[PDB]
Every structure is written in structure tokens, then in C-alpha cells.
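Worksheet: the structure to be examined is printed underneath.
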Amino acid sequence: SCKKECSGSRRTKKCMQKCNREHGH
């Protein structure tokens, strides 16, 4: 709901890192 909802063709480290930090609660 944050990784696949952003991942494009070869980009994901951006949305992934964002979700990884947010889920760092």
C-alpha cells in the first residue's frame, strides 16, 4: 500500500525507503 502503489519500472528505492522509515514507528 506504499511500495507497489509507487513502484514504476525500475524505481522503488524512493517509495520503499519512505515506507520503510514511516513503518519504523
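By convention here, the chains of the C-alpha cells are called A, B, ... in the order presented, each chain's residues are numbered starting at 1, and ligands are numbered starting at 1 in the order presented.
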
Set the distance at 9 Å and use only C-alpha atoms: which residues neighbour residue 13 in chain A once local chain neighbours fewer than 5 positions away are removed? I'd like the list as a VMD selection string. chain A and resid 3 7 18

Pairwise distance for CA of residue 4 in chain A and CA of residue 24 in chain A, rounded to one decimal in Å: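 These two atoms are separated by 18.2 Å.
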
Which residues are near residue 6 in chain A? Cut-off 12 Å, only C-alpha atoms, ignore same chain within fewer than 4 positions. Put them as a PDB file with C-alpha atoms, in the first residue's frame.
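Contents of result_26.pdb, freshly written:
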```pdb
ATOM      1  CA  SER A   1       0.000   0.000   0.000  1.00  0.00           C
ATOM      2  CA  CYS A   2       3.083   2.201  -0.314  1.00  0.00           C
ATOM      3  CA  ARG A  10      12.974   0.141 -12.174  1.00  0.00           C
ATOM      4  CA  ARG A  11      12.366   2.710  -9.437  1.00  0.00           C
ATOM      5  CA  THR A  12      11.280   1.725  -5.932  1.00  0.00           C
ATOM      6  CA  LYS A  13      14.128   2.632  -3.587  1.00  0.00           C
ATOM      7  CA  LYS A  14      12.407   6.004  -3.261  1.00  0.00           C
ATOM      8  CA  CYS A  15       8.899   4.996  -2.205  1.00  0.00           C
ATOM      9  CA  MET A  16      10.348   1.934  -0.482  1.00  0.00           C
ATOM     10  CA  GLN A  17      12.690   3.914   1.757  1.00  0.00           C
ATOM     11  CA  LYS A  18       9.834   6.288   2.553  1.00  0.00           C
ATOM     12  CA  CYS A  19       7.600   3.412   3.629  1.00  0.00           C
TER      13      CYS A  19
END
```

So which residues of chain A fall under alpha helix (DSSP H) by DSSP, listed as a list in words? residues 13, 14, 15, 16, 17, 18, 19, 20, 21 and 22 of chain A
